[PDB]
$ cat my_file_38.txt   # compact mmCIF, C-alpha atoms and all ligand atoms
# COMPACT_ATOMS: atom_id res chain seq x y z
CA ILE D 7 -3.37 -7.37 8.51
CA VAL D 8 -6.00 -9.60 10.11
CA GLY D 9 -5.58 -13.30 9.38
CA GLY D 10 -2.20 -13.69 7.69
CA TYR D 11 1.30 -14.59 8.80
CA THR D 12 4.72 -13.07 9.50
CA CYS D 13 6.21 -12.33 6.10
CA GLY D 14 9.75 -13.12 7.11
CA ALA D 15 12.32 -10.34 7.54
CA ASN D 16 13.29 -8.55 4.35
CA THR D 17 11.20 -10.78 2.16
CA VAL D 18 9.10 -8.01 0.71
CA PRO D 19 11.94 -5.79 -0.49
CA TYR D 20 9.88 -2.98 -2.01
CA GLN D 21 8.02 -2.40 1.21
CA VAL D 22 8.29 1.03 2.82
CA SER D 23 7.14 2.53 6.12
CA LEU D 24 6.30 6.25 6.18
CA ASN D 25 7.20 7.68 9.60
CA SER D 26 6.17 11.03 11.11
CA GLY D 27 7.44 10.11 14.55
CA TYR D 28 5.67 6.79 14.55
CA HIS D 29 4.66 4.49 11.77
CA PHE D 30 1.51 5.76 10.08
CA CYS D 31 1.27 4.44 6.47
CA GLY D 32 2.92 1.96 4.15
CA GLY D 33 4.20 2.37 0.60
CA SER D 34 5.99 0.77 -2.33
CA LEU D 35 9.39 1.65 -3.70
CA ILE D 36 9.28 1.97 -7.48
CA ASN D 37 12.70 3.24 -8.28
CA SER D 38 15.63 4.50 -6.26
CA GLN D 39 14.13 7.92 -5.79
CA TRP D 40 10.38 7.33 -5.66
CA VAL D 41 7.64 5.88 -3.50
CA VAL D 42 3.95 5.36 -4.22
CA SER D 43 1.40 5.33 -1.39
CA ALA D 44 -2.21 6.39 -0.82
CA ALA D 45 -3.33 10.03 -0.92
CA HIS D 46 -5.27 9.79 2.35
CA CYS D 47 -1.81 9.33 3.80
CA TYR D 48 -0.50 12.83 3.04
CA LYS D 49 1.39 14.31 6.01
CA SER D 50 4.07 17.00 6.03
CA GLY D 51 7.49 15.96 7.27
CA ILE D 52 7.56 12.36 6.12
CA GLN D 53 10.58 10.18 6.61
CA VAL D 54 10.72 7.07 4.50
CA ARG D 55 12.15 3.97 6.10
CA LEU D 56 13.39 1.18 3.87
CA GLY D 57 14.45 -2.34 4.64
CA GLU D 58 12.36 -2.57 7.73
CA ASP D 59 11.09 -5.62 9.47
CA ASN D 60 10.62 -4.62 13.12
CA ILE D 61 9.76 -0.91 12.90
CA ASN D 62 10.75 -0.64 16.57
CA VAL D 63 14.29 -1.97 16.61
CA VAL D 64 17.23 -1.14 14.36
CA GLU D 65 18.10 -4.54 13.10
CA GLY D 66 20.68 -3.45 10.57
CA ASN D 67 19.37 -3.28 7.02
CA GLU D 68 17.37 -0.08 7.19
CA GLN D 69 17.81 3.09 5.28
CA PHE D 70 16.19 6.26 6.64
CA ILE D 71 15.68 8.99 4.04
CA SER D 72 13.59 12.17 4.21
CA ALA D 73 10.91 12.86 1.60
CA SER D 74 11.58 15.96 -0.51
CA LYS D 75 8.21 16.32 -2.23
CA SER D 76 4.79 14.70 -2.05
CA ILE D 77 2.33 14.76 -4.94
CA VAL D 78 -1.28 13.80 -4.32
CA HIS D 79 -3.25 12.88 -7.42
CA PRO D 80 -4.99 15.84 -9.07
CA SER D 81 -8.45 14.36 -8.65
CA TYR D 82 -8.27 12.68 -5.26
CA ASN D 83 -11.65 13.01 -3.53
CA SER D 84 -11.14 12.50 0.19
CA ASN D 85 -14.85 11.86 0.68
CA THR D 86 -15.15 8.92 -1.68
CA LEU D 87 -11.48 8.01 -1.79
CA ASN D 88 -11.62 7.96 -5.57
CA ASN D 89 -8.12 8.26 -7.00
CA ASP D 90 -6.39 7.43 -3.74
CA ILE D 91 -2.76 7.58 -4.83
CA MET D 92 0.21 9.79 -4.02
CA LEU D 93 3.84 10.01 -5.10
CA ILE D 94 6.64 10.61 -2.64
CA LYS D 95 10.15 11.56 -3.78
CA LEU D 96 13.22 10.70 -1.73
CA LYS D 97 15.76 13.38 -0.78
CA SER D 98 18.72 11.20 -1.68
CA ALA D 99 18.44 8.00 -3.61
CA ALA D 100 17.97 4.64 -1.93
CA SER D 101 20.72 2.07 -2.31
CA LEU D 102 19.21 -1.02 -3.78
CA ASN D 103 20.39 -4.42 -2.62
CA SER D 104 18.97 -7.77 -1.63
CA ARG D 105 16.70 -6.28 1.02
CA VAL D 106 15.77 -2.96 -0.58
CA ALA D 107 14.37 -3.32 -4.10
CA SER D 108 11.96 -1.74 -6.56
CA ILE D 109 8.70 -3.28 -7.71
CA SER D 110 7.61 -2.98 -11.35
CA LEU D 111 4.60 -1.05 -12.59
CA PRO D 112 1.91 -2.70 -14.63
CA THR D 113 1.76 -2.99 -18.36
CA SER D 114 -1.78 -4.46 -17.90
CA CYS D 115 -4.54 -4.84 -15.31
CA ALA D 116 -4.74 -8.04 -13.29
CA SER D 117 -7.87 -10.05 -13.64
CA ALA D 118 -10.22 -11.61 -11.10
CA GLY D 119 -8.94 -14.55 -9.13
CA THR D 120 -5.35 -13.71 -9.69
CA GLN D 121 -3.54 -14.30 -6.45
CA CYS D 122 -1.95 -11.23 -4.87
CA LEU D 123 0.28 -10.47 -1.89
CA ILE D 124 -0.74 -7.76 0.52
CA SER D 125 1.76 -6.60 3.13
CA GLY D 126 1.98 -4.15 6.04
CA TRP D 127 2.22 -3.50 9.75
CA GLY D 128 -1.50 -2.94 10.27
CA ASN D 129 -3.89 -3.74 13.10
CA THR D 130 -4.29 -7.48 13.47
CA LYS D 131 -7.68 -7.80 15.17
CA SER D 132 -11.19 -7.28 13.84
CA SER D 133 -12.67 -6.29 17.21
CA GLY D 134 -10.23 -4.36 19.38
CA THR D 135 -6.70 -3.13 18.99
CA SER D 136 -3.37 -4.84 18.51
CA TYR D 137 -0.57 -3.66 16.40
CA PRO D 138 2.36 -5.88 15.49
CA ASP D 139 5.91 -4.57 15.20
CA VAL D 140 6.85 -6.94 12.42
CA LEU D 141 5.89 -7.11 8.78
CA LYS D 142 2.74 -9.04 7.92
CA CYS D 143 1.52 -10.74 4.76
CA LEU D 144 -1.77 -12.03 3.42
CA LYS D 145 -2.35 -13.92 0.26
CA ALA D 146 -5.68 -13.15 -1.41
CA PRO D 147 -7.54 -13.10 -4.70
CA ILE D 148 -8.84 -10.04 -6.65
CA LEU D 149 -12.61 -10.60 -6.28
CA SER D 150 -14.91 -10.08 -9.30
CA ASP D 151 -16.22 -6.52 -9.87
CA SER D 152 -19.73 -7.81 -9.15
CA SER D 153 -18.93 -9.18 -5.74
CA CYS D 154 -17.00 -6.00 -5.01
CA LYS D 155 -19.79 -3.58 -5.96
CA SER D 156 -22.36 -5.73 -4.19
CA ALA D 157 -20.75 -5.32 -0.80
CA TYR D 158 -20.41 -1.56 -1.26
CA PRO D 159 -23.52 -0.35 -3.10
CA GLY D 160 -22.71 2.85 -5.00
CA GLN D 161 -19.24 3.36 -3.58
CA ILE D 162 -16.91 1.49 -5.94
CA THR D 163 -15.53 3.22 -9.04
CA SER D 164 -13.40 2.18 -11.98
CA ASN D 165 -10.36 3.02 -9.96
CA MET D 166 -10.84 0.48 -7.18
CA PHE D 167 -10.92 -3.27 -6.91
CA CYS D 168 -11.69 -5.62 -4.06
CA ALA D 169 -9.49 -8.44 -2.84
CA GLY D 170 -9.83 -11.00 -0.09
CA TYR D 171 -12.74 -13.18 1.03
CA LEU D 172 -16.45 -12.38 1.16
CA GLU D 173 -16.69 -14.70 4.17
CA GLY D 174 -14.88 -12.31 6.51
CA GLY D 175 -11.54 -12.62 8.79
CA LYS D 176 -8.67 -12.01 6.57
CA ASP D 177 -8.24 -8.40 5.52
CA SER D 178 -6.07 -5.38 5.96
CA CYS D 179 -7.20 -2.34 6.53
CA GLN D 180 -5.99 -0.34 9.55
CA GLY D 181 -3.09 -2.46 9.19
CA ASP D 182 -1.79 -0.36 6.64
CA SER D 183 -3.31 2.35 4.39
CA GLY D 184 -0.91 2.94 1.55
CA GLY D 185 0.78 -0.44 1.28
CA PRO D 186 1.34 -2.66 -1.72
CA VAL D 187 -0.82 -5.33 -3.37
CA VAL D 188 1.46 -7.22 -5.67
CA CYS D 189 0.24 -9.71 -8.25
CA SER D 190 2.27 -11.86 -10.64
CA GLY D 191 5.28 -9.61 -10.11
CA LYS D 192 3.79 -6.18 -10.59
CA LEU D 193 2.25 -3.55 -8.34
CA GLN D 194 -1.49 -3.73 -8.96
CA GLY D 195 -2.71 -2.01 -5.86
CA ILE D 196 -2.59 0.24 -2.79
CA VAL D 197 -4.51 -0.42 0.41
CA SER D 198 -7.18 2.30 0.38
CA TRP D 199 -10.22 1.50 2.53
CA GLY D 200 -12.70 -1.11 3.73
CA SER D 201 -15.55 -1.02 6.23
CA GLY D 202 -14.49 -2.43 9.58
CA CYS D 203 -11.68 -4.93 9.03
CA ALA D 204 -12.56 -8.52 7.79
CA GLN D 205 -16.29 -8.49 8.24
CA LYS D 206 -18.39 -10.96 6.30
CA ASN D 207 -19.05 -9.43 2.92
CA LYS D 208 -16.74 -6.49 3.60
CA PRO D 209 -13.69 -7.15 1.47
CA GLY D 210 -10.82 -4.75 1.45
CA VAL D 211 -10.75 -2.08 -1.26
CA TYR D 212 -7.68 -1.13 -3.23
CA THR D 213 -6.54 1.55 -5.67
CA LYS D 214 -6.39 0.13 -9.18
CA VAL D 215 -2.86 1.19 -10.06
CA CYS D 216 -3.08 -0.04 -13.64
CA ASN D 217 -5.24 3.00 -14.43
CA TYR D 218 -2.47 5.33 -13.29
CA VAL D 219 0.76 4.18 -14.90
CA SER D 220 0.73 6.97 -17.50
CA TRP D 221 0.46 9.61 -14.79
CA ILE D 222 2.99 8.02 -12.46
CA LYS D 223 5.54 7.83 -15.26
CA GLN D 224 4.91 11.37 -16.49
CA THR D 225 4.90 12.91 -13.01
CA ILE D 226 8.03 11.18 -11.86
CA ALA D 227 9.96 12.18 -14.98
CA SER D 228 9.02 15.84 -14.58
CA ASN D 229 9.84 16.20 -10.89
CA CA B 1 13.90 -1.93 12.08

$ encode --input "my_file_38.txt" --output "C-alpha cells"
Amino acid sequence: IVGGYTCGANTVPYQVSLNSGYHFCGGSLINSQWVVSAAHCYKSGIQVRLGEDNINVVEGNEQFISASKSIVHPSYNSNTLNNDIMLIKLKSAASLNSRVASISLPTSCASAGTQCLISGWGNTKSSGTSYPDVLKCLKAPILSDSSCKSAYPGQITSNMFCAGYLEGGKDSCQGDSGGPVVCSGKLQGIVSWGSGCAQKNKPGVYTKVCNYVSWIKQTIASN
C-alpha cells in the first residue's frame, strides 16, 4: 500500500495472508472454511495464515491452516485479468473470534464515491522497493466508470472497477494482489492490477465481486 497508514493489529479480522514459504498474496475470509483471492495468485501448496499482523513474528493470534483445494474462475483470462477471482478452501475450519472473522458478500454493487477500505502487506513505495511487515490500510473512493476507463483505454471490463485518486500517490498494487476492498460492510473487491503503483491518472483496478456472488455461493456449496 503506498500512502496509507498502519491498520492496527487485528483490526481487519477477515484479512488473510497466503504463504508459499513467504508472503505472496492476500485474501478475504468469507466463512470458516473458505477464502477468496485473485486468480493471478494461484500457486500449488498454499498455506493460509489468519489473524496476522506482523507476518514475520508469531505474535499469538495466528492460525496456520493448509489449503485443500483452489478453484480459479472458469473464464479467467491471465492476459487481460478479466475475471480475476479464485476460491481457496481450508483443510480444517478456522476458529472465529475477535481477531479472525468473516466478511459478508454483497447483495448489491457499491456505487461511485462510496468510501472503501483496502488492506494488505504490499510494497509501500512508488519508485523503488520497500515491503512492510505489518498490515497496511488505505481509505479510498470507488471512482466513476468514466474516470476508470479513461486512464486505461480499452482495458477495463464490466468486471473491474477503479478506486483511489486520479492525482497519484496512494494506491496498492504490489502491496497485495488478492486482498480485500471492503465498502459499507461488504466485500466489494479484490486487488487485481494497476499500472505502476500510484501514478497520476493510474488508479488501482479491482475485481468487481458483486458480479460473482452467484458463482461463489454455488461453488462453495458444491465443494
Ligand atoms: Ca504474525

$ residues_around --input "my_file_38.txt" --residues "region 22-34 of chain D" --least-positions-apart "5" --cutoff "7 Å" --atoms "only C-alpha atoms" --output "MDAnalysis selection string"
chainID D and resid 41:43 47 51:56 126 182:186

$ write_last_selection --input "my_file_38.txt" --atoms "C-alpha atoms" --output "tab-separated table (two decimals), keeping the file's coordinate frame"
chain	number	residue	atom	x	y	z
D	41	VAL	CA	7.64	5.88	-3.50
D	42	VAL	CA	3.95	5.36	-4.22
D	43	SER	CA	1.40	5.33	-1.39
D	47	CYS	CA	-1.81	9.33	3.80
D	51	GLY	CA	7.49	15.96	7.27
D	52	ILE	CA	7.56	12.36	6.12
D	53	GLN	CA	10.58	10.18	6.61
D	54	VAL	CA	10.72	7.07	4.50
D	55	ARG	CA	12.15	3.97	6.10
D	56	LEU	CA	13.39	1.18	3.87
D	126	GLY	CA	1.98	-4.15	6.04
D	182	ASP	CA	-1.79	-0.36	6.64
D	183	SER	CA	-3.31	2.35	4.39
D	184	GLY	CA	-0.91	2.94	1.55
D	185	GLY	CA	0.78	-0.44	1.28
D	186	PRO	CA	1.34	-2.66	-1.72

$ closest_residue --input "my_file_38.txt" --among "D:137, D:70, D:11, D:218" --to "ligand CA 1 (chain B)" --atoms "only C-alpha atoms and all ligand atoms"
D:70

$ residues_near_ligand --input "my_file_38.txt" --ligand "ligand CA 1 (chain B)" --cutoff "7 Å" --atoms "only C-alpha atoms and all ligand atoms" --output "list in words"
residues 58, 59, 60, 61, 62, 63, 64, 65 and 68 of chain D

$ closest_residue --input "my_file_38.txt" --among "D:57, D:128, D:134, D:210" --to "residue 148 (chain D)" --atoms "only C-alpha atoms"
D:210

$ atom_distance --input "my_file_38.txt" --atom1 "CA of residue 171 (chain D)" --atom2 "CA of residue 205 (chain D)"
9.3 Å

$ atom_distance --input "my_file_38.txt" --atom1 "CA of residue 226 (chain D)" --atom2 "CA of residue 109 (chain D)"
15.1 Å

$ atom_distance --input "my_file_38.txt" --atom1 "CA of residue 153 (chain D)" --atom2 "CA of residue 21 (chain D)"
28.6 Å

$ closest_residue --input "my_file_38.txt" --among "D:15, D:35, D:179, D:93" --to "residue 225 (chain D)" --atoms "all atoms listed in the file"
D:93

$ closest_residue --input "my_file_38.txt" --among "D:36, D:146, D:127, D:78" --to "residue 99 (chain D)" --atoms "only C-alpha atoms"
D:36

$ residues_around --input "my_file_38.txt" --residues "residue 142 (chain D)" --least-positions-apart "2" --cutoff "9 Å" --atoms "all atoms listed in the file" --output "ChimeraX atom specification"
/D:7,10-14,124-128,138,140,144,181

$ residues_near_point --input "my_file_38.txt" --point "(2.6, -3.3, -8.1)" --cutoff "8 Å" --atoms "all atoms listed in the file" --output "list in words"
residues 34, 109, 110, 111, 112, 186, 187, 188, 189, 191, 192, 193, 194, 195 and 215 of chain D

$ residues_around --input "my_file_38.txt" --residues "residue 81 (chain D)" --least-positions-apart "2" --cutoff "12 Å" --atoms "all atoms listed in the file" --output "MDAnalysis selection string"
chainID D and resid 45 77:79 83:92 165 218 221

$ write_last_selection --input "my_file_38.txt" --atoms "C-alpha atoms" --output "PDB file, keeping the file's coordinate frame"
ATOM      1  CA  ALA D  45      -3.330  10.030  -0.920  1.00  0.00           C
ATOM      2  CA  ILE D  77       2.330  14.760  -4.940  1.00  0.00           C
ATOM      3  CA  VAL D  78      -1.280  13.800  -4.320  1.00  0.00           C
ATOM      4  CA  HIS D  79      -3.250  12.880  -7.420  1.00  0.00           C
ATOM      5  CA  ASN D  83     -11.650  13.010  -3.530  1.00  0.00           C
ATOM      6  CA  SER D  84     -11.140  12.500   0.190  1.00  0.00           C
ATOM      7  CA  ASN D  85     -14.850  11.860   0.680  1.00  0.00           C
ATOM      8  CA  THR D  86     -15.150   8.920  -1.680  1.00  0.00           C
ATOM      9  CA  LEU D  87     -11.480   8.010  -1.790  1.00  0.00           C
ATOM     10  CA  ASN D  88     -11.620   7.960  -5.570  1.00  0.00           C
ATOM     11  CA  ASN D  89      -8.120   8.260  -7.000  1.00  0.00           C
ATOM     12  CA  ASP D  90      -6.390   7.430  -3.740  1.00  0.00           C
ATOM     13  CA  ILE D  91      -2.760   7.580  -4.830  1.00  0.00           C
ATOM     14  CA  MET D  92       0.210   9.790  -4.020  1.00  0.00           C
ATOM     15  CA  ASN D 165     -10.360   3.020  -9.960  1.00  0.00           C
ATOM     16  CA  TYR D 218      -2.470   5.330 -13.290  1.00  0.00           C
ATOM     17  CA  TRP D 221       0.460   9.610 -14.790  1.00  0.00           C
TER      18      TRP D 221
END

$ closest_atom_pairs --input "my_file_38.txt" --of "region 154-216 of chain D" --to "region 117-120 of chain D" --cutoff "10 Å" --atoms "only C-alpha atoms" --output "tab-separated table"
residue	atom	partner	partner_atom	distance
D:167	CA	D:118	CA	9.4
D:168	CA	D:118	CA	9.4
D:169	CA	D:119	CA	8.8
D:170	CA	D:119	CA	9.8
D:189	CA	D:120	CA	7.0
D:190	CA	D:120	CA	7.9

$ closest_residue --input "my_file_38.txt" --among "D:102, D:123, D:130, D:155" --to "residue 197 (chain D)" --atoms "all atoms listed in the file"
D:123

$ build_atoms --input "my_file_38.txt" --residues "region 189-216 of chain D" --atoms "N, CA and C atoms" --output "CSV table (one decimal), in the coordinates of the input"
chain,number,residue,atom,x,y,z
D,189,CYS,N,0.7,-8.5,-7.6
D,189,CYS,CA,0.2,-9.7,-8.2
D,189,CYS,C,1.0,-10.1,-9.5
D,190,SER,N,1.4,-11.4,-9.5
D,190,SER,CA,2.3,-11.9,-10.6
D,190,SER,C,3.4,-10.9,-11.0
D,191,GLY,N,4.1,-10.5,-9.9
D,191,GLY,CA,5.3,-9.6,-10.1
D,191,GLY,C,5.3,-8.1,-10.2
D,192,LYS,N,4.1,-7.5,-10.1
D,192,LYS,CA,3.8,-6.2,-10.6
D,192,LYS,C,2.9,-5.6,-9.5
D,193,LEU,N,3.2,-4.3,-9.2
D,193,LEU,CA,2.2,-3.6,-8.3
D,193,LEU,C,0.9,-3.3,-9.0
D,194,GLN,N,-0.1,-4.0,-8.5
D,194,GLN,CA,-1.5,-3.7,-9.0
D,194,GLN,C,-2.4,-3.0,-8.1
D,195,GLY,N,-2.0,-2.9,-6.8
D,195,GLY,CA,-2.7,-2.0,-5.9
D,195,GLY,C,-2.2,-1.3,-4.6
D,196,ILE,N,-3.0,-0.6,-3.9
D,196,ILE,CA,-2.6,0.2,-2.8
D,196,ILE,C,-3.8,0.1,-1.8
D,197,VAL,N,-3.5,-0.3,-0.6
D,197,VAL,CA,-4.5,-0.4,0.4
D,197,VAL,C,-5.2,1.0,0.6
D,198,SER,N,-6.4,1.0,0.3
D,198,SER,CA,-7.2,2.3,0.4
D,198,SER,C,-8.2,2.4,1.5
D,199,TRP,N,-9.2,1.6,1.4
D,199,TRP,CA,-10.2,1.5,2.5
D,199,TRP,C,-10.9,0.2,2.7
D,200,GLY,N,-11.9,0.1,3.5
D,200,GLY,CA,-12.7,-1.1,3.7
D,200,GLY,C,-13.4,-0.9,5.1
D,201,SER,N,-14.7,-1.1,5.0
D,201,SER,CA,-15.6,-1.0,6.2
D,201,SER,C,-15.2,-2.0,7.3
D,202,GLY,N,-15.0,-1.6,8.5
D,202,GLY,CA,-14.5,-2.4,9.6
D,202,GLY,C,-13.2,-3.1,9.0
D,203,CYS,N,-12.9,-4.2,9.5
D,203,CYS,CA,-11.7,-4.9,9.0
D,203,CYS,C,-12.4,-6.3,9.0
D,204,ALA,N,-12.2,-7.0,7.9
D,204,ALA,CA,-12.6,-8.5,7.8
D,204,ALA,C,-13.9,-8.9,8.3
D,205,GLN,N,-14.9,-8.1,8.1
D,205,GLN,CA,-16.3,-8.5,8.2
D,205,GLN,C,-16.7,-9.4,7.1
D,206,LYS,N,-17.7,-10.2,7.4
D,206,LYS,CA,-18.4,-11.0,6.3
D,206,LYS,C,-18.9,-10.0,5.3
D,207,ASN,N,-18.6,-10.3,4.0
D,207,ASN,CA,-19.0,-9.4,2.9
D,207,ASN,C,-18.6,-8.0,3.2
D,208,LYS,N,-17.4,-7.8,3.6
D,208,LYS,CA,-16.7,-6.5,3.6
D,208,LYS,C,-15.3,-6.8,3.2
D,209,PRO,N,-15.1,-7.0,2.0
D,209,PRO,CA,-13.7,-7.2,1.5
D,209,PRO,C,-12.9,-5.8,1.7
D,210,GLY,N,-11.7,-5.9,1.7
D,210,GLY,CA,-10.8,-4.8,1.4
D,210,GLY,C,-10.9,-4.1,0.1
D,211,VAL,N,-10.8,-2.8,0.0
D,211,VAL,CA,-10.8,-2.1,-1.3
D,211,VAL,C,-9.4,-1.4,-1.6
D,212,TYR,N,-9.1,-1.4,-2.8
D,212,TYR,CA,-7.7,-1.1,-3.2
D,212,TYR,C,-7.7,-0.2,-4.4
D,213,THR,N,-6.8,0.7,-4.5
D,213,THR,CA,-6.5,1.6,-5.7
D,213,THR,C,-6.0,0.8,-6.9
D,214,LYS,N,-6.7,1.0,-8.0
D,214,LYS,CA,-6.4,0.1,-9.2
D,214,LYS,C,-5.3,0.9,-9.9
D,215,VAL,N,-4.0,0.4,-9.6
D,215,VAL,CA,-2.9,1.2,-10.1
D,215,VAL,C,-2.6,1.1,-11.6
D,216,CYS,N,-3.0,0.0,-12.2
D,216,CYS,CA,-3.1,0.0,-13.6
D,216,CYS,C,-3.7,1.1,-14.4
